[PDB]
Amino acid sequence: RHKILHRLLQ
Amino acid sequence: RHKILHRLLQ
Amino acid sequence: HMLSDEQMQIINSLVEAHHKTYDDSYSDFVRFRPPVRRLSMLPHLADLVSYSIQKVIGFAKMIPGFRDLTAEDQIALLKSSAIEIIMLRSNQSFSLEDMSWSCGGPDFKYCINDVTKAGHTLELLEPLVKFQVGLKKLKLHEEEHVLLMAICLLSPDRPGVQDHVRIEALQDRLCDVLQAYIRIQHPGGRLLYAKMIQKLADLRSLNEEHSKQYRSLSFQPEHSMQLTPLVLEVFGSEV
Amino acid sequence: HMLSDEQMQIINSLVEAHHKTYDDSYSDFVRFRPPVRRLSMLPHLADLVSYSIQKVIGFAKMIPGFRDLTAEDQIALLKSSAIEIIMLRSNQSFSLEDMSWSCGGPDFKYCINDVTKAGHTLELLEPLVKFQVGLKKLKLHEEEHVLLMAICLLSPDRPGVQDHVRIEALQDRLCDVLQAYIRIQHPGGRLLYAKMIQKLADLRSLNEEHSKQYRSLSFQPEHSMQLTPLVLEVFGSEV
Ligand SMILES: C=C1/C(=C\C=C2/CCC[C@]3(C)[C@@H]([C@H](C)[C@@H]4CC[C@@H](C(C)(C)O)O4)CC[C@@H]23)C[C@@H](O)C[C@@H]1O
Ligand SMILES: C=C1/C(=C\C=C2/CCC[C@]3(C)[C@@H]([C@H](C)[C@@H]4CC[C@@H](C(C)(C)O)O4)CC[C@@H]23)C[C@@H](O)C[C@@H]1O
């Protein structure tokens with residue numbers, strides 16, 4: 001997963 | 001899924 | 001012509017259930033993330049919805065016959081109807097003078113521009129407020145109000161429901177109690193029942209506009225991280 | 001013996017990053033779900049954590065060399081180290097007089113019994129507060145504080161990290177700047193560096209106690225529905 005994580009990291 | 005849903009329904 | 005003892009037993013069950021799941025003080029609204037006036041209002045309205053879904057679930061668990069469906073069917077009806085029962089029960093705080101929902105104090109009064117700040121466009125919200133005024137003008141009794149919810153929720157024309165015939169049975173048995181209550185106990189209500197079914201049809205049209213806009217919103221993680229676990233689950237898709 | 005221009009360039013980057021990701025006013029705490037004093041404090045502390053994770057992510061994106069790792073490695077380091085950097089950065093609000101974390105006003109002062117009301121048992125929280133007093137007694141400079149975070153975070157002995165050798169390189173290169181800063185710029189710090197590495201070891205022991213208790217908590221949906229999407233993702237398991 002890590003949809004939110006990956007996006008916060010740009 | 002529906003972990004929360006199923007549990008709220010007891 | 002008069003109502004059977006079991007249709008009152010039903011009416012009694014449905015209003016006591018609504019009174020258990022509806023706080024007219026709106027005193028739990030202080031425990032949400034506070035409103036802020038992008039998408040400033042999304043946190044506070046996301047908790048508002050998540051809270052309301054918990055209330056809608058408690059209400060459905062008390063409709064006669066609902067407990068006895070299979071848990072899968074209960075989930076399918078809730079997932080498909082959740083936003084509709086919310087739009088329905090929300091009429092109780094809606095008010096025609098302010099043309100907004102005035103709960104508790106004035107920090108919890110949501111005009112149309114508050115909901116835009118939670119990421120929704122006027123083509124959802126104009127039919128929404130019109131729904132709420134049209135329904136506010138029908139001036140339902142408490143009994144017709146809880147019935148229309150119980151009926152909307154127990155509708156079998158939902159995606160994903162299995163024991164279709166049993167739900168259609170229970171829905172109709174509640175429609176009979178409604179149509180019968182209006183004839184006996186509501187003067188001037190010879191056009192009401194059809195006006196209620198028409199509100200159910202508007203609820204569907206709203207349901208789809210909202211489901212579309214939420215889709216666009218839930219697929220942007222800067223915004224879906226503002227939602228709650230429960231909201232994500234009930235309005236999500238992996239069933 | 002004196003520090004190279006690039007180790008200052010590093011020190012400068014790390015403190016400006018910390019100042020960007022740390023609000024000494026704690027003025028965003030009003031936007032959390034309010035504290036309430038089961039598990040009354042879980043909502044407010046769940047937003048507190050979720051907010052802090054957003055801050056830790058912004059800080060890591062500014063450590064030199066971190067941006068250039070692969071996104072998978074960045075995720076693995078964050079998921080494994082998140083609760084540790086939180087325990088570290090949290091020392092800045094911790095205070096020895098109240099033996100609690102005093103942020104903003106007194107509604108945002110968390111003694112040990114507040115965190116118990118968010119579902120945690122004293123065998124996590126006694127080593128936690130002792131960690132925080134032992135580290136409060138080391139009286140770190142801002143420079144050693146940001147370094148110890150950057151170092152804890154860039155540790156390669158994490159579950160799931162791939163380019164192990166590159167992270168170990170970057171971690172050591174930051175340890176050299178630390179050990180060098182203490183020798184030059186910290187009087188009385190000839191035992192400090194080892195005391196800092198020992199705090200990293202305590203962070204690991206805390207990490208595991210917390211990871212165990214959170215597991216027990218996240219597997220009960222009455223409680224995990226109080227968490228946020230971000231928390232669930234970072235402390236979750238499906239990597
Ligand atoms: C939910 C209730 C109340 C108000 C409901 C409102 C007024 C504000 C705007 C709301 C919450 C609508 C909007 C479209 C919600 C807010 C969040 C958004 C999401 C779920 C993010 O798409 O839908 C649905 C019902 C609308 C107040 C009170 O009657 C309790 C009732 O359950
Ligand atoms: C997080 C920060 C601050 C305080 C942190 C604290 C004090 C209260 C208790 C906290 C939040 C701990 C507990 C164990 C948290 C709260 C929620 C719980 C979950 C994640 C539900 O397991 O862990 C971790 C750091 C502890 C305040 C300020 O320094 C900002 C800093 O990022």
# chains A, B, ... in the order shown; residues from 1 in each chain; ligands from 1

$ residues_near_ligand --ligand "ligand 1" --cutoff "7 Å" --atoms "only C-alpha atoms and all ligand atoms" --output "PyMOL selection string"
chain C and resi 42+45-46+48-49+52+83+86-87+89-93+101+103+110+115+118+120+210+214+227+231

$ calpha_fit_and_write --fixed "chain C" --moving "chain D" --output "PDB file with C-alpha atoms, in the first residue's frame"
ATOM      1  CA  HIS D   1     -60.232   1.495   8.646  1.00  0.00           C
ATOM      2  CA  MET D   2     -57.664   1.263  11.461  1.00  0.00           C
ATOM      3  CA  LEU D   3     -54.060   0.104  12.080  1.00  0.00           C
ATOM      4  CA  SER D   4     -53.311  -3.416  13.343  1.00  0.00           C
ATOM      5  CA  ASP D   5     -51.566  -3.903  16.663  1.00  0.00           C
ATOM      6  CA  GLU D   6     -48.418  -5.047  14.889  1.00  0.00           C
ATOM      7  CA  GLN D   7     -48.107  -1.943  12.706  1.00  0.00           C
ATOM      8  CA  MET D   8     -48.186   0.175  15.889  1.00  0.00           C
ATOM      9  CA  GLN D   9     -45.692  -2.206  17.424  1.00  0.00           C
ATOM     10  CA  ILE D  10     -43.609  -1.372  14.347  1.00  0.00           C
ATOM     11  CA  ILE D  11     -44.229   2.397  14.541  1.00  0.00           C
ATOM     12  CA  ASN D  12     -43.293   2.282  18.232  1.00  0.00           C
ATOM     13  CA  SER D  13     -40.066   0.391  17.506  1.00  0.00           C
ATOM     14  CA  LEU D  14     -39.033   2.797  14.756  1.00  0.00           C
ATOM     15  CA  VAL D  15     -39.531   6.047  16.712  1.00  0.00           C
ATOM     16  CA  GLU D  16     -37.874   4.750  19.875  1.00  0.00           C
ATOM     17  CA  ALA D  17     -34.963   3.667  17.681  1.00  0.00           C
ATOM     18  CA  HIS D  18     -34.746   7.133  16.134  1.00  0.00           C
ATOM     19  CA  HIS D  19     -34.839   8.805  19.537  1.00  0.00           C
ATOM     20  CA  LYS D  20     -31.999   6.554  20.735  1.00  0.00           C
ATOM     21  CA  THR D  21     -29.833   7.353  17.685  1.00  0.00           C
ATOM     22  CA  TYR D  22     -30.572  11.090  17.416  1.00  0.00           C
ATOM     23  CA  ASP D  23     -29.331  13.717  19.875  1.00  0.00           C
ATOM     24  CA  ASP D  24     -31.430  16.868  19.537  1.00  0.00           C
ATOM     25  CA  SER D  25     -28.837  18.725  21.648  1.00  0.00           C
ATOM     26  CA  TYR D  26     -26.071  18.103  19.072  1.00  0.00           C
ATOM     27  CA  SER D  27     -23.823  18.098  22.102  1.00  0.00           C
ATOM     28  CA  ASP D  28     -21.443  15.527  20.700  1.00  0.00           C
ATOM     29  CA  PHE D  29     -20.481  17.975  17.914  1.00  0.00           C
ATOM     30  CA  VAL D  30     -17.877  19.533  20.206  1.00  0.00           C
ATOM     31  CA  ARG D  31     -15.884  16.303  19.968  1.00  0.00           C
ATOM     32  CA  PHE D  32     -15.420  16.540  16.213  1.00  0.00           C
ATOM     33  CA  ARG D  33     -12.446  18.237  14.713  1.00  0.00           C
ATOM     34  CA  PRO D  34     -13.481  21.887  14.831  1.00  0.00           C
ATOM     35  CA  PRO D  35     -14.864  23.603  11.736  1.00  0.00           C
ATOM     36  CA  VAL D  36     -12.576  26.067   9.993  1.00  0.00           C
ATOM     37  CA  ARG D  37     -13.881  28.642   7.512  1.00  0.00           C
ATOM     38  CA  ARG D  38      -7.748  23.823   0.287  1.00  0.00           C
ATOM     39  CA  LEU D  39     -10.891  22.225   1.840  1.00  0.00           C
ATOM     40  CA  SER D  40     -10.963  23.748   5.317  1.00  0.00           C
ATOM     41  CA  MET D  41     -14.292  22.208   6.345  1.00  0.00           C
ATOM     42  CA  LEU D  42     -13.433  18.651   5.243  1.00  0.00           C
ATOM     43  CA  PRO D  43     -12.083  17.443   8.641  1.00  0.00           C
ATOM     44  CA  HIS D  44     -15.102  18.648  10.660  1.00  0.00           C
ATOM     45  CA  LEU D  45     -17.616  17.412   8.108  1.00  0.00           C
ATOM     46  CA  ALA D  46     -15.798  14.091   7.744  1.00  0.00           C
ATOM     47  CA  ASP D  47     -16.225  13.453  11.481  1.00  0.00           C
ATOM     48  CA  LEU D  48     -19.833  14.709  11.231  1.00  0.00           C
ATOM     49  CA  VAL D  49     -20.544  12.071   8.583  1.00  0.00           C
ATOM     50  CA  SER D  50     -18.595   9.329  10.365  1.00  0.00           C
ATOM     51  CA  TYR D  51     -20.566  10.026  13.550  1.00  0.00           C
ATOM     52  CA  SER D  52     -23.854   9.990  11.611  1.00  0.00           C
ATOM     53  CA  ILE D  53     -23.015   6.628  10.032  1.00  0.00           C
ATOM     54  CA  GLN D  54     -22.579   5.227  13.532  1.00  0.00           C
ATOM     55  CA  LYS D  55     -26.046   6.558  14.345  1.00  0.00           C
ATOM     56  CA  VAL D  56     -27.596   5.166  11.143  1.00  0.00           C
ATOM     57  CA  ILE D  57     -26.106   1.755  11.977  1.00  0.00           C
ATOM     58  CA  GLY D  58     -27.682   1.772  15.442  1.00  0.00           C
ATOM     59  CA  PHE D  59     -31.040   2.720  13.918  1.00  0.00           C
ATOM     60  CA  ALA D  60     -30.960  -0.089  11.322  1.00  0.00           C
ATOM     61  CA  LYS D  61     -30.084  -2.663  13.998  1.00  0.00           C
ATOM     62  CA  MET D  62     -33.442  -1.778  15.570  1.00  0.00           C
ATOM     63  CA  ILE D  63     -35.671  -1.987  12.508  1.00  0.00           C
ATOM     64  CA  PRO D  64     -37.825  -5.125  12.894  1.00  0.00           C
ATOM     65  CA  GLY D  65     -36.504  -7.984  10.786  1.00  0.00           C
ATOM     66  CA  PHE D  66     -33.173  -6.304  10.012  1.00  0.00           C
ATOM     67  CA  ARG D  67     -31.172  -8.162  12.691  1.00  0.00           C
ATOM     68  CA  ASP D  68     -32.346 -11.448  11.096  1.00  0.00           C
ATOM     69  CA  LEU D  69     -30.857 -10.739   7.688  1.00  0.00           C
ATOM     70  CA  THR D  70     -27.414 -12.128   6.960  1.00  0.00           C
ATOM     71  CA  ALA D  71     -24.512  -9.857   7.867  1.00  0.00           C
ATOM     72  CA  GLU D  72     -23.558  -9.548   4.187  1.00  0.00           C
ATOM     73  CA  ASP D  73     -27.023  -8.231   3.316  1.00  0.00           C
ATOM     74  CA  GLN D  74     -26.916  -5.809   6.248  1.00  0.00           C
ATOM     75  CA  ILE D  75     -23.578  -4.475   4.951  1.00  0.00           C
ATOM     76  CA  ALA D  76     -24.828  -4.098   1.362  1.00  0.00           C
ATOM     77  CA  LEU D  77     -27.919  -2.123   2.430  1.00  0.00           C
ATOM     78  CA  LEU D  78     -25.874   0.116   4.708  1.00  0.00           C
ATOM     79  CA  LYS D  79     -23.120   0.771   2.163  1.00  0.00           C
ATOM     80  CA  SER D  80     -25.584   1.653  -0.580  1.00  0.00           C
ATOM     81  CA  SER D  81     -28.077   3.592   1.532  1.00  0.00           C
ATOM     82  CA  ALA D  82     -25.832   5.296   4.114  1.00  0.00           C
ATOM     83  CA  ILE D  83     -25.556   8.686   2.462  1.00  0.00           C
ATOM     84  CA  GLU D  84     -29.323   8.632   1.793  1.00  0.00           C
ATOM     85  CA  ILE D  85     -30.394   8.037   5.398  1.00  0.00           C
ATOM     86  CA  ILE D  86     -27.959  10.763   6.339  1.00  0.00           C
ATOM     87  CA  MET D  87     -29.583  13.188   3.908  1.00  0.00           C
ATOM     88  CA  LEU D  88     -32.956  12.150   5.342  1.00  0.00           C
ATOM     89  CA  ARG D  89     -32.268  12.336   9.076  1.00  0.00           C
ATOM     90  CA  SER D  90     -30.401  15.588   8.469  1.00  0.00           C
ATOM     91  CA  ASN D  91     -33.700  17.317   7.637  1.00  0.00           C
ATOM     92  CA  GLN D  92     -34.482  17.460  11.378  1.00  0.00           C
ATOM     93  CA  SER D  93     -31.779  20.134  11.868  1.00  0.00           C
ATOM     94  CA  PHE D  94     -32.374  21.832   8.515  1.00  0.00           C
ATOM     95  CA  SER D  95     -34.289  25.082   8.752  1.00  0.00           C
ATOM     96  CA  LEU D  96     -36.045  27.202   6.109  1.00  0.00           C
ATOM     97  CA  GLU D  97     -35.333  30.581   7.743  1.00  0.00           C
ATOM     98  CA  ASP D  98     -31.523  30.195   7.509  1.00  0.00           C
ATOM     99  CA  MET D  99     -31.668  27.701   4.581  1.00  0.00           C
ATOM    100  CA  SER D 100     -28.882  25.744   6.277  1.00  0.00           C
ATOM    101  CA  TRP D 101     -28.531  23.024   8.905  1.00  0.00           C
ATOM    102  CA  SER D 102     -28.449  24.686  12.307  1.00  0.00           C
ATOM    103  CA  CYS D 103     -27.213  22.189  14.916  1.00  0.00           C
ATOM    104  CA  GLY D 104     -26.240  23.141  18.467  1.00  0.00           C
ATOM    105  CA  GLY D 105     -24.762  26.651  18.283  1.00  0.00           C
ATOM    106  CA  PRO D 106     -23.592  28.820  15.355  1.00  0.00           C
ATOM    107  CA  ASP D 107     -20.191  27.121  14.934  1.00  0.00           C
ATOM    108  CA  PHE D 108     -22.274  24.070  13.890  1.00  0.00           C
ATOM    109  CA  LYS D 109     -24.498  25.836  11.358  1.00  0.00           C
ATOM    110  CA  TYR D 110     -23.585  24.643   7.859  1.00  0.00           C
ATOM    111  CA  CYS D 111     -24.700  26.811   4.978  1.00  0.00           C
ATOM    112  CA  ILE D 112     -24.006  25.702   1.408  1.00  0.00           C
ATOM    113  CA  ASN D 113     -20.630  27.408   1.338  1.00  0.00           C
ATOM    114  CA  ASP D 114     -19.420  25.379   4.313  1.00  0.00           C
ATOM    115  CA  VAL D 115     -20.012  22.133   2.424  1.00  0.00           C
ATOM    116  CA  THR D 116     -18.213  23.539  -0.605  1.00  0.00           C
ATOM    117  CA  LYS D 117     -15.194  23.914   1.707  1.00  0.00           C
ATOM    118  CA  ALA D 118     -15.420  20.145   2.285  1.00  0.00           C
ATOM    119  CA  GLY D 119     -14.875  19.484  -1.423  1.00  0.00           C
ATOM    120  CA  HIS D 120     -18.317  19.426  -3.143  1.00  0.00           C
ATOM    121  CA  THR D 121     -19.685  21.378  -6.156  1.00  0.00           C
ATOM    122  CA  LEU D 122     -23.054  23.099  -6.458  1.00  0.00           C
ATOM    123  CA  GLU D 123     -24.515  20.390  -8.715  1.00  0.00           C
ATOM    124  CA  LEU D 124     -24.547  18.164  -5.685  1.00  0.00           C
ATOM    125  CA  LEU D 125     -25.594  20.810  -3.211  1.00  0.00           C
ATOM    126  CA  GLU D 126     -28.405  22.627  -5.048  1.00  0.00           C
ATOM    127  CA  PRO D 127     -30.486  19.431  -5.502  1.00  0.00           C
ATOM    128  CA  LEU D 128     -29.495  18.648  -1.912  1.00  0.00           C
ATOM    129  CA  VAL D 129     -30.855  21.833  -0.352  1.00  0.00           C
ATOM    130  CA  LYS D 130     -33.898  21.679  -2.643  1.00  0.00           C
ATOM    131  CA  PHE D 131     -34.446  18.099  -1.508  1.00  0.00           C
ATOM    132  CA  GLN D 132     -34.324  19.360   2.065  1.00  0.00           C
ATOM    133  CA  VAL D 133     -36.801  22.204   1.494  1.00  0.00           C
ATOM    134  CA  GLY D 134     -39.222  20.130  -0.533  1.00  0.00           C
ATOM    135  CA  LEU D 135     -39.098  17.582   2.290  1.00  0.00           C
ATOM    136  CA  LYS D 136     -39.276  20.309   4.909  1.00  0.00           C
ATOM    137  CA  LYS D 137     -42.439  21.549   3.212  1.00  0.00           C
ATOM    138  CA  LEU D 138     -44.029  18.069   3.318  1.00  0.00           C
ATOM    139  CA  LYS D 139     -44.024  18.614   7.134  1.00  0.00           C
ATOM    140  CA  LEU D 140     -43.801  14.928   8.008  1.00  0.00           C
ATOM    141  CA  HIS D 141     -44.846  13.544  11.339  1.00  0.00           C
ATOM    142  CA  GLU D 142     -42.138  11.837  13.364  1.00  0.00           C
ATOM    143  CA  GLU D 143     -43.806   8.562  12.405  1.00  0.00           C
ATOM    144  CA  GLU D 144     -43.631   9.185   8.657  1.00  0.00           C
ATOM    145  CA  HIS D 145     -40.047  10.407   9.041  1.00  0.00           C
ATOM    146  CA  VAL D 146     -38.730   7.257  10.733  1.00  0.00           C
ATOM    147  CA  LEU D 147     -40.775   5.120   8.331  1.00  0.00           C
ATOM    148  CA  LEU D 148     -39.318   6.789   5.244  1.00  0.00           C
ATOM    149  CA  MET D 149     -35.822   6.102   6.600  1.00  0.00           C
ATOM    150  CA  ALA D 150     -36.568   2.473   7.480  1.00  0.00           C
ATOM    151  CA  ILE D 151     -38.079   2.118   4.023  1.00  0.00           C
ATOM    152  CA  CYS D 152     -35.218   3.780   2.146  1.00  0.00           C
ATOM    153  CA  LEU D 153     -32.728   1.623   4.037  1.00  0.00           C
ATOM    154  CA  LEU D 154     -34.575  -1.684   3.460  1.00  0.00           C
ATOM    155  CA  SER D 155     -34.752  -1.306  -0.166  1.00  0.00           C
ATOM    156  CA  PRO D 156     -33.681  -4.411  -2.172  1.00  0.00           C
ATOM    157  CA  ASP D 157     -32.817  -2.592  -5.437  1.00  0.00           C
ATOM    158  CA  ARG D 158     -29.262  -2.106  -3.998  1.00  0.00           C
ATOM    159  CA  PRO D 159     -25.996  -3.296  -5.531  1.00  0.00           C
ATOM    160  CA  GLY D 160     -24.832  -6.415  -3.804  1.00  0.00           C
ATOM    161  CA  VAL D 161     -27.846  -7.679  -1.876  1.00  0.00           C
ATOM    162  CA  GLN D 162     -28.463 -11.422  -1.896  1.00  0.00           C
ATOM    163  CA  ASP D 163     -31.766 -12.452  -0.276  1.00  0.00           C
ATOM    164  CA  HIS D 164     -33.562  -9.990  -2.500  1.00  0.00           C
ATOM    165  CA  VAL D 165     -37.047 -11.389  -1.966  1.00  0.00           C
ATOM    166  CA  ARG D 166     -36.903 -11.194   1.837  1.00  0.00           C
ATOM    167  CA  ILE D 167     -35.928  -7.525   1.916  1.00  0.00           C
ATOM    168  CA  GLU D 168     -38.596  -6.621  -0.649  1.00  0.00           C
ATOM    169  CA  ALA D 169     -41.087  -8.329   1.669  1.00  0.00           C
ATOM    170  CA  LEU D 170     -39.984  -6.318   4.719  1.00  0.00           C
ATOM    171  CA  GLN D 171     -39.825  -3.063   2.746  1.00  0.00           C
ATOM    172  CA  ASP D 172     -43.380  -3.479   1.446  1.00  0.00           C
ATOM    173  CA  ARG D 173     -44.660  -4.436   4.885  1.00  0.00           C
ATOM    174  CA  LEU D 174     -43.287  -1.096   6.105  1.00  0.00           C
ATOM    175  CA  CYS D 175     -44.783   0.765   3.113  1.00  0.00           C
ATOM    176  CA  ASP D 176     -48.197  -0.618   4.072  1.00  0.00           C
ATOM    177  CA  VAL D 177     -47.808   0.782   7.593  1.00  0.00           C
ATOM    178  CA  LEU D 178     -46.828   4.168   6.156  1.00  0.00           C
ATOM    179  CA  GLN D 179     -49.612   4.475   3.539  1.00  0.00           C
ATOM    180  CA  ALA D 180     -52.000   3.284   6.240  1.00  0.00           C
ATOM    181  CA  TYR D 181     -50.699   5.808   8.810  1.00  0.00           C
ATOM    182  CA  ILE D 182     -51.144   8.720   6.381  1.00  0.00           C
ATOM    183  CA  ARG D 183     -54.708   7.723   5.509  1.00  0.00           C
ATOM    184  CA  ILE D 184     -55.807   7.365   9.124  1.00  0.00           C
ATOM    185  CA  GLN D 185     -53.646   9.777  11.099  1.00  0.00           C
ATOM    186  CA  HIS D 186     -52.711  12.540   8.624  1.00  0.00           C
ATOM    187  CA  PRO D 187     -55.376  14.986   7.404  1.00  0.00           C
ATOM    188  CA  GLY D 188     -54.632  16.318   3.955  1.00  0.00           C
ATOM    189  CA  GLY D 189     -52.329  13.389   3.218  1.00  0.00           C
ATOM    190  CA  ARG D 190     -54.077  11.894   0.222  1.00  0.00           C
ATOM    191  CA  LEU D 191     -51.157  13.012  -1.973  1.00  0.00           C
ATOM    192  CA  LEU D 192     -48.453  12.583   0.687  1.00  0.00           C
ATOM    193  CA  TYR D 193     -47.445   8.949   0.161  1.00  0.00           C
ATOM    194  CA  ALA D 194     -46.659   9.522  -3.517  1.00  0.00           C
ATOM    195  CA  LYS D 195     -44.703  12.647  -2.536  1.00  0.00           C
ATOM    196  CA  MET D 196     -42.633  10.520  -0.160  1.00  0.00           C
ATOM    197  CA  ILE D 197     -41.830   7.885  -2.785  1.00  0.00           C
ATOM    198  CA  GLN D 198     -40.791  10.748  -5.035  1.00  0.00           C
ATOM    199  CA  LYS D 199     -38.385  11.890  -2.308  1.00  0.00           C
ATOM    200  CA  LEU D 200     -36.895   8.379  -2.329  1.00  0.00           C
ATOM    201  CA  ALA D 201     -36.260   8.850  -6.041  1.00  0.00           C
ATOM    202  CA  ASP D 202     -34.530  12.178  -5.388  1.00  0.00           C
ATOM    203  CA  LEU D 203     -32.407  10.459  -2.734  1.00  0.00           C
ATOM    204  CA  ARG D 204     -31.188   8.070  -5.440  1.00  0.00           C
ATOM    205  CA  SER D 205     -30.219  10.897  -7.748  1.00  0.00           C
ATOM    206  CA  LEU D 206     -28.388  12.623  -4.901  1.00  0.00           C
ATOM    207  CA  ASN D 207     -26.778   9.295  -3.916  1.00  0.00           C
ATOM    208  CA  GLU D 208     -25.161   9.034  -7.323  1.00  0.00           C
ATOM    209  CA  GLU D 209     -23.955  12.626  -7.595  1.00  0.00           C
ATOM    210  CA  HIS D 210     -22.433  12.312  -4.124  1.00  0.00           C
ATOM    211  CA  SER D 211     -20.935   8.900  -4.912  1.00  0.00           C
ATOM    212  CA  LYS D 212     -19.328  10.408  -8.006  1.00  0.00           C
ATOM    213  CA  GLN D 213     -17.868  13.477  -6.302  1.00  0.00           C
ATOM    214  CA  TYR D 214     -16.647  11.458  -3.307  1.00  0.00           C
ATOM    215  CA  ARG D 215     -14.904   9.119  -5.763  1.00  0.00           C
ATOM    216  CA  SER D 216     -12.966  12.052  -7.222  1.00  0.00           C
ATOM    217  CA  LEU D 217     -12.157  13.179  -3.685  1.00  0.00           C
ATOM    218  CA  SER D 218     -11.225   9.811  -2.158  1.00  0.00           C
ATOM    219  CA  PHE D 219      -8.678   9.246  -4.977  1.00  0.00           C
ATOM    220  CA  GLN D 220      -6.558  12.210  -3.846  1.00  0.00           C
ATOM    221  CA  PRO D 221      -4.672  11.225  -0.666  1.00  0.00           C
ATOM    222  CA  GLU D 222      -4.180  14.838   0.578  1.00  0.00           C
ATOM    223  CA  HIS D 223      -7.938  14.762   1.016  1.00  0.00           C
ATOM    224  CA  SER D 224      -8.696  11.136   1.829  1.00  0.00           C
ATOM    225  CA  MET D 225      -6.270  11.308   4.758  1.00  0.00           C
ATOM    226  CA  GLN D 226      -8.781  13.735   6.269  1.00  0.00           C
ATOM    227  CA  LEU D 227     -11.527  11.064   6.212  1.00  0.00           C
ATOM    228  CA  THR D 228     -12.138   8.560   8.982  1.00  0.00           C
ATOM    229  CA  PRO D 229     -11.606   4.783   8.879  1.00  0.00           C
ATOM    230  CA  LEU D 230     -15.397   4.261   9.029  1.00  0.00           C
ATOM    231  CA  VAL D 231     -16.249   6.654   6.187  1.00  0.00           C
ATOM    232  CA  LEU D 232     -13.553   5.098   3.993  1.00  0.00           C
ATOM    233  CA  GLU D 233     -14.986   1.655   4.663  1.00  0.00           C
ATOM    234  CA  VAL D 234     -18.684   2.457   4.105  1.00  0.00           C
ATOM    235  CA  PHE D 235     -18.219   4.674   1.027  1.00  0.00           C
ATOM    236  CA  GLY D 236     -15.384   2.544  -0.290  1.00  0.00           C
ATOM    237  CA  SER D 237     -15.688  -0.103  -2.923  1.00  0.00           C
ATOM    238  CA  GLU D 238     -13.882  -3.358  -1.979  1.00  0.00           C
ATOM    239  CA  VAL D 239     -16.908  -5.343  -0.813  1.00  0.00           C
TER     240      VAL D 239
END

$ select_by_dssp --residues "chain B" --states "helix (DSSP H, G or I)" --output "list in words"
residues 3, 4, 5, 6, 7 and 8 of chain B

$ closest_atom_pairs --of "chain A" --to "chain D" --cutoff "8 Å" --atoms "only C-alpha atoms" --output "CSV"
residue,atom,partner,partner_atom,distance
A:1,CA,D:239,CA,6.1
A:2,CA,D:233,CA,6.3
A:4,CA,D:230,CA,6.7
A:5,CA,D:75,CA,7.1
A:6,CA,D:71,CA,7.2
A:8,CA,D:57,CA,7.5
A:9,CA,D:61,CA,7.0

$ write_last_selection --atoms "N, CA and C atoms" --output "short mmCIF file (atom, residue, chain, number, x, y, z; two decimals), in the first residue's frame"
data_model
loop_
_atom_site.label_atom_id
_atom_site.label_comp_id
_atom_site.auth_asym_id
_atom_site.auth_seq_id
_atom_site.Cartn_x
_atom_site.Cartn_y
_atom_site.Cartn_z
N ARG A 1 0.82 -1.21 0.00
CA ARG A 1 0.00 0.00 0.00
C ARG A 1 0.86 1.27 0.00
N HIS A 2 0.59 2.13 0.99
CA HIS A 2 1.30 3.38 1.24
C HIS A 2 0.94 4.45 0.22
N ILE A 4 -0.93 7.20 0.89
CA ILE A 4 -0.74 8.50 1.52
C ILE A 4 0.74 8.79 1.71
N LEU A 5 1.48 7.83 2.28
CA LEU A 5 2.92 7.97 2.48
C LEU A 5 3.62 8.38 1.19
N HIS A 6 3.36 7.64 0.11
CA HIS A 6 4.10 7.88 -1.12
C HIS A 6 3.82 9.27 -1.67
N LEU A 8 2.81 12.01 0.14
CA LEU A 8 3.42 13.01 1.02
C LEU A 8 4.90 13.20 0.72
N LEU A 9 5.58 12.14 0.29
CA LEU A 9 6.97 12.21 -0.15
C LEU A 9 7.12 12.79 -1.56
#

$ atom_distance --atom1 "atom CA of residue B:3" --atom2 "atom 20 (C, counted along the ligand's line) of ligand 2"
19.4 Å
